[PDB]
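K.L.:
Take this structure, written in structure tokens, and hold onto it; I'll ask about it next.
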Amino acid sequence: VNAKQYXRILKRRXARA
Amino acid sequence: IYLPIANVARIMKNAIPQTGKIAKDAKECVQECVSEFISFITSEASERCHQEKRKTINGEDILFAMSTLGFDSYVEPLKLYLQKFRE
Amino acid sequence: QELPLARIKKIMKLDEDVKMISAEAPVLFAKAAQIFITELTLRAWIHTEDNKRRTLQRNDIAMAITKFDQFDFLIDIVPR
């Protein structure tokens, strides 16, 4: 993964739900 | 929820050969991508402003989030752009 | 050649964690968006040309997103 982005990607994914 | 299709399209147009073409669904795609970019960076900034118990996301916060998230290349041009504002 | 701040601000306000936004923040996003669109578009065009077309297609953007780790955040937005 993109270490710098991965946390935020998953947080964004969770949010879209 | 999206930036104007016309504005998106103009910026895309300037990036390709003068005789290149762009499908409408490609433009829409870019609209969606741009909104996610803004929301992605904004989310990072909003979390860190809340944790620090600050109520306002400022320009510096956006710049820091961009740095944090690997958009390091954006920071200097954005600083220069903002300085040119403000002047 | 400069974007609408009002729309940028509205997009920011979608996020329920966001409270107040300083005046300059949308300005920064206006420039950032232009940089981003330029780079995303250039990268999509690669796949356009590789496919021997002169028309940039959604498929080219999806493909470009998988080739650049900076675009990982879009993988969900533009399914390959």
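Here, A, B, ... name the chains of the structure tokens in the order displayed, residue numbers run from 1 inside each chain, and ligands are numbered from 1 in the same displayed order.
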Name all residues at most 9 Å from residue 34 (chain B) (count only C-alpha atoms; drop same-chain ones fewer than 3 positions away) and give them as a list in words.
P.N.:
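The contact residues come out as residues 2, 3, 8, 29, 30, 31, 37, 38 and 39 of chain B; 33, 36 and 37 of chain C.
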K.L.:
Do a neighbour search on residue 55 (chain C) at 12 Å with only C-alpha atoms, toss out local chain neighbours closer than 5 positions, and write the hits as a ChimeraX atom specification.
P.N.:
/B:13,16-27 /C:41,44-50,60-61
K.L.:
Using only C-alpha atoms, determine which residues of chain C fall within 12 Å of chain A; present them as number ranges by chain.
P.N.:
C: 14-17, 66, 68-77
K.L.:
Selected residues, N, CA, C and O atoms, written as a PDB file, in the first residue's frame, please.
P.N.:
ATOM      1  N   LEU C  14     -18.975  18.938   3.163  1.00  0.00           N
ATOM      2  CA  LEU C  14     -19.600  17.616   3.150  1.00  0.00           C
ATOM      3  C   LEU C  14     -19.176  16.795   4.370  1.00  0.00           C
ATOM      4  O   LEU C  14     -19.977  16.068   4.927  1.00  0.00           O
ATOM      5  N   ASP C  15     -17.906  16.916   4.764  1.00  0.00           N
ATOM      6  CA  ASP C  15     -17.336  16.135   5.865  1.00  0.00           C
ATOM      7  C   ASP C  15     -17.845  16.640   7.218  1.00  0.00           C
ATOM      8  O   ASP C  15     -17.615  17.791   7.581  1.00  0.00           O
ATOM      9  N   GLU C  16     -18.508  15.758   7.971  1.00  0.00           N
ATOM     10  CA  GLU C  16     -19.152  16.148   9.224  1.00  0.00           C
ATOM     11  C   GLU C  16     -18.176  16.523  10.346  1.00  0.00           C
ATOM     12  O   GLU C  16     -18.563  17.163  11.311  1.00  0.00           O
ATOM     13  N   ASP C  17     -16.901  16.141  10.201  1.00  0.00           N
ATOM     14  CA  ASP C  17     -15.864  16.503  11.163  1.00  0.00           C
ATOM     15  C   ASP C  17     -15.371  17.943  11.001  1.00  0.00           C
ATOM     16  O   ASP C  17     -14.777  18.503  11.914  1.00  0.00           O
ATOM     17  N   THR C  66      -4.077   3.113 -11.184  1.00  0.00           N
ATOM     18  CA  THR C  66      -3.357   1.929 -10.705  1.00  0.00           C
ATOM     19  C   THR C  66      -1.826   1.967 -10.905  1.00  0.00           C
ATOM     20  O   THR C  66      -1.121   1.067 -10.434  1.00  0.00           O
ATOM     21  N   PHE C  68       0.195   4.741 -10.274  1.00  0.00           N
ATOM     22  CA  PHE C  68       0.798   5.822  -9.490  1.00  0.00           C
ATOM     23  C   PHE C  68       0.281   5.742  -8.071  1.00  0.00           C
ATOM     24  O   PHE C  68      -0.921   5.891  -7.812  1.00  0.00           O
ATOM     25  N   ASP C  69       1.209   5.480  -7.150  1.00  0.00           N
ATOM     26  CA  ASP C  69       0.890   5.265  -5.748  1.00  0.00           C
ATOM     27  C   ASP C  69       0.247   6.486  -5.107  1.00  0.00           C
ATOM     28  O   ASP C  69      -0.529   6.339  -4.166  1.00  0.00           O
ATOM     29  N   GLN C  70       0.555   7.686  -5.626  1.00  0.00           N
ATOM     30  CA  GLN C  70      -0.098   8.919  -5.187  1.00  0.00           C
ATOM     31  C   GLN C  70      -1.612   8.909  -5.474  1.00  0.00           C
ATOM     32  O   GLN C  70      -2.370   9.640  -4.835  1.00  0.00           O
ATOM     33  N   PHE C  71      -2.043   8.092  -6.443  1.00  0.00           N
ATOM     34  CA  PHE C  71      -3.454   7.985  -6.797  1.00  0.00           C
ATOM     35  C   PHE C  71      -4.180   6.831  -6.129  1.00  0.00           C
ATOM     36  O   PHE C  71      -5.360   6.612  -6.420  1.00  0.00           O
ATOM     37  N   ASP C  72      -3.498   6.117  -5.221  1.00  0.00           N
ATOM     38  CA  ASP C  72      -4.116   5.007  -4.492  1.00  0.00           C
ATOM     39  C   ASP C  72      -5.483   5.395  -3.906  1.00  0.00           C
ATOM     40  O   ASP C  72      -6.401   4.565  -3.850  1.00  0.00           O
ATOM     41  N   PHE C  73      -5.618   6.658  -3.475  1.00  0.00           N
ATOM     42  CA  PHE C  73      -6.829   7.090  -2.810  1.00  0.00           C
ATOM     43  C   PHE C  73      -8.048   7.092  -3.732  1.00  0.00           C
ATOM     44  O   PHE C  73      -9.173   7.176  -3.254  1.00  0.00           O
ATOM     45  N   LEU C  74      -7.812   7.029  -5.046  1.00  0.00           N
ATOM     46  CA  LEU C  74      -8.888   7.060  -6.042  1.00  0.00           C
ATOM     47  C   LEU C  74      -9.364   5.680  -6.489  1.00  0.00           C
ATOM     48  O   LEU C  74     -10.366   5.578  -7.198  1.00  0.00           O
ATOM     49  N   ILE C  75      -8.637   4.628  -6.098  1.00  0.00           N
ATOM     50  CA  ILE C  75      -8.910   3.250  -6.579  1.00  0.00           C
ATOM     51  C   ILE C  75     -10.394   2.914  -6.458  1.00  0.00           C
ATOM     52  O   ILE C  75     -10.995   2.365  -7.387  1.00  0.00           O
ATOM     53  N   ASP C  76     -10.981   3.252  -5.308  1.00  0.00           N
ATOM     54  CA  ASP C  76     -12.417   3.096  -5.050  1.00  0.00           C
ATOM     55  C   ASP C  76     -13.347   3.973  -5.899  1.00  0.00           C
ATOM     56  O   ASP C  76     -14.510   3.610  -6.140  1.00  0.00           O
ATOM     57  N   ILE C  77     -12.844   5.147  -6.290  1.00  0.00           N
ATOM     58  CA  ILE C  77     -13.603   6.154  -7.032  1.00  0.00           C
ATOM     59  C   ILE C  77     -13.717   5.789  -8.511  1.00  0.00           C
ATOM     60  O   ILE C  77     -14.752   6.036  -9.134  1.00  0.00           O
TER      61      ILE C  77
END
K.L.:
Just give me the gap between CA of residue 44 (chain B) and CA of residue 9 (chain B) in Å, one decimal is fine.
P.N.:
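Taking CA of residue 44 (chain B) as the start and CA of residue 9 (chain B) as the end point, the length is 27.4 Å.
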K.L.:
If we count only C-alpha atoms, which residues of chain B reach to within 10 Å of chain A? Please list them as a list in words.
P.N.:
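Matching residues, ligands excluded from the count: residues 36, 39, 40, 41, 43, 44, 67, 68, 69, 70 and 71 of chain B.
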K.L.:
Which chain C residues are at most 9 Å from chain B (counting only C-alpha atoms), as a VMD selection string?
P.N.:
chain C and resid 1 to 4 7 to 8 10 to 15 17 to 29 31 to 42 45 54 to 62 70 73 to 74 77 to 78
K.L.:
Can you list, as a CSV table (one decimal) with N, CA, C and O atoms, in the first residue's frame, every residue of chain A that DSSP puts in helix (DSSP H, G or I)?
P.N.:
chain,number,residue,atom,x,y,z
A,6,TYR,N,-2.7,5.2,3.4
A,6,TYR,CA,-3.5,4.0,3.6
A,6,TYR,C,-4.6,4.2,4.7
A,6,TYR,O,-5.7,3.9,4.5
A,7,UNK,N,-4.1,4.7,5.9
A,7,UNK,CA,-5.0,5.0,7.0
A,7,UNK,C,-6.2,5.9,6.5
A,7,UNK,O,-7.4,5.5,6.7
A,8,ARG,N,-5.9,7.0,5.8
A,8,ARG,CA,-6.9,7.9,5.4
A,8,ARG,C,-7.8,7.3,4.3
A,8,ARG,O,-9.0,7.5,4.3
A,9,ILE,N,-7.2,6.5,3.4
A,9,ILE,CA,-8.0,5.8,2.4
A,9,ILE,C,-9.1,4.9,3.1
A,9,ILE,O,-10.3,5.0,2.7
A,10,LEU,N,-8.7,4.1,4.1
A,10,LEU,CA,-9.7,3.3,4.8
A,10,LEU,C,-10.7,4.1,5.6
A,10,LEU,O,-11.8,3.7,5.6
A,11,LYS,N,-10.2,5.2,6.2
A,11,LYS,CA,-11.1,6.0,7.0
A,11,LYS,C,-12.2,6.6,6.0
A,11,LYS,O,-13.3,6.8,6.4
A,12,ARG,N,-11.7,7.0,4.8
A,12,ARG,CA,-12.6,7.6,3.8
A,12,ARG,C,-13.7,6.6,3.3
A,12,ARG,O,-14.9,6.9,3.2
A,13,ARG,N,-13.2,5.3,3.1
A,13,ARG,CA,-14.0,4.2,2.7
A,13,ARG,C,-15.1,3.9,3.8
A,13,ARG,O,-16.2,3.9,3.4
A,14,UNK,N,-14.7,3.8,5.0
A,14,UNK,CA,-15.6,3.6,6.1
A,14,UNK,C,-16.7,4.7,6.1
A,14,UNK,O,-17.9,4.5,6.3
A,15,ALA,N,-16.2,6.0,5.8
A,15,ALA,CA,-17.1,7.1,5.9
A,15,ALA,C,-18.2,7.0,4.9
A,15,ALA,O,-19.4,7.3,5.2
K.L.:
Quick check, in Å to one decimal: how far apart do CA of residue 63 (chain C) and CA of residue 6 (chain B) lie?
P.N.:
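Between CA of residue 63 (chain C) and CA of residue 6 (chain B) the gap is 23.4 Å.
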K.L.:
What's the separation between CA of residue 76 (chain B) and CA of residue 64 (chain B), in Å to one decimal place?
P.N.:
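Computed distance, CA of residue 76 (chain B) to CA of residue 64 (chain B), equals 11.4 Å.
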